[PDB]
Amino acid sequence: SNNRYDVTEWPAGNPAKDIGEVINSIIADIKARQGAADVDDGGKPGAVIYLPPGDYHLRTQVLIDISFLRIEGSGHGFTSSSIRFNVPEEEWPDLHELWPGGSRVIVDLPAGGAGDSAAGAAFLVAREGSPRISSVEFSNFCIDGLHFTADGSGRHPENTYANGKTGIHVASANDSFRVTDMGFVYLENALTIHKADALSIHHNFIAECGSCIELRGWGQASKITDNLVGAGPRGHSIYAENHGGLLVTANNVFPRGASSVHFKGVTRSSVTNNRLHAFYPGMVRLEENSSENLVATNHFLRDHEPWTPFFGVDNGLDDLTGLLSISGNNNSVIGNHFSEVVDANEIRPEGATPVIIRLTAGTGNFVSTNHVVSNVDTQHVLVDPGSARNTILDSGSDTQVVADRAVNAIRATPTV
């Protein structure tokens, strides 16, 4: 074989009923043909698996345990299942289409057990031993979790962002992975990648999923670029933990994730030049000694949800949280724009001054030239007693920077 596979032209199995069995069957063939690891300076180059545009049901989890496997399609096929499930059911046979399309993988797996959301993943990338599994590519296909289900919260089942399904789950240490041009829709978790080195997530459309991008465990020298991201109110849009040298740029993050970016103990990383829009506070969270990070030239918009099916759904956080919350040392917050739109009548807790940037802990945080435009009075910067020895420049007037001048360097934005 020439290492080129098409799921519609594989003899064993049929991809309409179960594309999981088909791809696993292909992976078996690749391992059979690529047994030896050092023959003429080569051995296991891997292979490419092609999904033509189509509606493929996946009933078996795809296990990927080989390096250099590309899975490509010919279309991300996103349509807004959220909108359609909220359209009256009578009007459905008049709609031009109902379901997502492209090269579509329908995740027909049940929810996973105790700490086993991995068991409900369409694609599981896992391997033990050395070296790190490397250069697996997912390109330009659709992954659909189809329906959200009742969570006992009382809301309409299709608006819970709950089904125990994952698009792609990478369990093992990985080097040089790529997720590009994908479409993820209607999954509790779109993309969960543990232990990622030199990972690239470029130019995906990841929307109407509970959580979109979670980089878990740890990682190094990775980048999340040029994505369109929208999550649900109990989940993360972009999340990373214990990462170093992460680059988060050029993303357009829209609602309705709890956060837009959420870092737990992330260091020496850069969250710069993204468009961020949420309907709740707590848009960007640097937590648990997230230190020496650059947060720069981003555009923040926080406003009220206008779409009436989610009117009065929130993420549990009040306006004193801040749009940018920082618990950690020596970060750099430079050149950001913040737009705060809130109605004075509905500011929680009653009658507080909403806060934009908040330093809850740590020291040496540099905050310079940030511009806040708000329809109400705001605390541009709020430095808790738990944080000290911070420099805060041109980010508000003396009224707008609430902080103890004894232990912090402040310059007020000139006025009048």
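From 1 onward, residues are counted along the sequence shown. In this text, rigid core is short for the largest set of C-alphas that superpose within 1.5 Å between two forms.
Asker: Any chance you could tell me whether 340 to 348 or 273 to 281 drifts more in 6 other deposited structures of this protein, judged by RMS CA distance from this form after superposing on the core?
Answerer: Once the core is superposed, the stretch further away in 6 other deposited structures of this protein is 340 to 348.
Asker: I want to check something about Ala114: across the other compared entries that model its neighbours, is it left unbuilt in at least a third?
Answerer: Across the other compared entries, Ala114 is absent from at least a third.
Asker: Higher mean Cα B-factor in the deposited model: 110 to 118 or 322 to 330?
Answerer: Comparing averages over the C-alpha atoms only gives 110 to 118.
Asker: Consider only the C-alpha atoms of the modelled residues in this chain, order them by B-factor as the entry records it, and name the third containing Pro53: lowest, middle or highest.
Answerer: Ranked within chain, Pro53 CA B lands in the lowest tercile.
Asker: Based on the entry's values, in what third of the chain does the Cα temperature factor of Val376 lie: lowest, middle or highest?
Answerer: For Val376, whose C-alpha B-factor we compare with every modelled residue in the chain, the answer is the highest third.
Asker: Taking the chain's C-alpha temperature factors as the reference, tell me which third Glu91 falls into: lowest, middle or highest.
Answerer: It belongs to the highest third of the chain when residues are ordered by C-alpha B-factor.
Asker: Against its chain's modelled residues, does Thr369's Cα B factor rank lowest, middle or highest third?
Answerer: Middle third.
Asker: Looking at the C-alpha B-factor of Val355, is it in the lowest, middle or highest third of its chain?
Answerer: Highest third - that is where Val355 ends up once the chain's C-alpha B-factors are sorted.
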